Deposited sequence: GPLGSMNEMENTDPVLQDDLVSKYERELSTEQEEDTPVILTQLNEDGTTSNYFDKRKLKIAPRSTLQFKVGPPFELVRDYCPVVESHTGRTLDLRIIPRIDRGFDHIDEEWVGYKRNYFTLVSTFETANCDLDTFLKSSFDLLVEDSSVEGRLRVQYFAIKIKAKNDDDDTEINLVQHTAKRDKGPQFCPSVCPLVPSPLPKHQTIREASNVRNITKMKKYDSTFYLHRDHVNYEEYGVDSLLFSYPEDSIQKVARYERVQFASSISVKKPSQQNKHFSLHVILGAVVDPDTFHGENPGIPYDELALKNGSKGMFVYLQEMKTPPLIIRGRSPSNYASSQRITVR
């Protein structure tokens, strides 16, 4: 009824079928590691502005809620939240050095203002994009919003347990405990150590995330989860690492920039999940029907 896998940090992922077993909403059994991500491709090379050295990049993503491994399928529920977290790493550059340096895209060099992640959902069979929505903890008593582009600096990905523990923190003392894991406060560095041109000082805000945390995410309520044949549709979640550049022949999305102008989120790397099944609102998807 419950199938258990040991996670990397010694927590468990407990996979169960909600058609057969109902578990409380806030049970720790709702937290579990989702499908592993795979490389789609690498896109634009990035080089350090004097040495010319190519920056090695790797997305480090994980799903921490919302998906169960059931009968060799990865299964989510339309009505329920998923969590997708990601960092990136630069294998050949330590953070402290990285932040003082400057980087160009090799396309013909465009200067990188900052690095960022975005997520997308797709129909895995035809590449059609599927809208995602997020809520705040207040859910219907707060706003709905689409996942945003998240400026980030390189960081190790927190353990599954850490994401769990930080999921609903409001208490100031506990927030302080996790602050260094999730944020870099640029306003607290010694500005004299940095050149005007440094990467750190072209990030758009002083509070810079170390981890992209997309919590309380759902597929848009309009999604059709079955094909006309009544076979399940296959979806996939995508994580894209980009460099944001000033717009003034390679894959990119336009971005609403800080100064107001029409920025450019130039793709660097993309990963995706294997195929995902999503169960809809049908009563037959819930143990209550049995």
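What the model leaves out of the deposited chain are the segments 1 to 37, 145 to 150, 292 to 298, 341 to 345.
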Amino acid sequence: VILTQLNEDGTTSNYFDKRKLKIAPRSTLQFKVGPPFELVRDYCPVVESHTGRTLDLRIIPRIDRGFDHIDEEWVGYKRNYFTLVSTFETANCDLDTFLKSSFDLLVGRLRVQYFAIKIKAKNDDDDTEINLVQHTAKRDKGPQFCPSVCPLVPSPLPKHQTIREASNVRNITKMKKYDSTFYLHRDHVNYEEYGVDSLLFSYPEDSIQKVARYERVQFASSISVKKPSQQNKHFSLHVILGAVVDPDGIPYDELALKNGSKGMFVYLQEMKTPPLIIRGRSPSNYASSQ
From here on, numbers count along this sequence of modelled residues.
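The question of which stretch, 186 to 194 or 89 to 97, has the higher mean Cα B factor is settled in favour of 89 to 97. Taking the mean C-alpha B-factor of each stretch as recorded, 117 to 125 and 69 to 77 are not equal, and the higher mean is that of 69 to 77.
Highest CA B-factor among the listed residues (246, 64, 38, 42): 246. Between the residues 231, 236, 54, 28, it is 54 that shows the highest Cα B-factor in the PDB record. Residue 279: CA B factor lies in the middle third for its chain, per the PDB record. In the deposited entry, the Cα temperature factor of residue 60 sits in the bottom third of values across the chain's modelled residues. When the modelled residues of the chain are ordered by C-alpha B-factor, residue 216 sits in the lowest third. In the PDB entry, a CA B factor belonging to the lowest third of its chain's modelled residues is recorded for residue 241. Per the deposited record, the Cα B-factor of residue 255 falls in the highest third when ranked against the other modelled residues of its chain.
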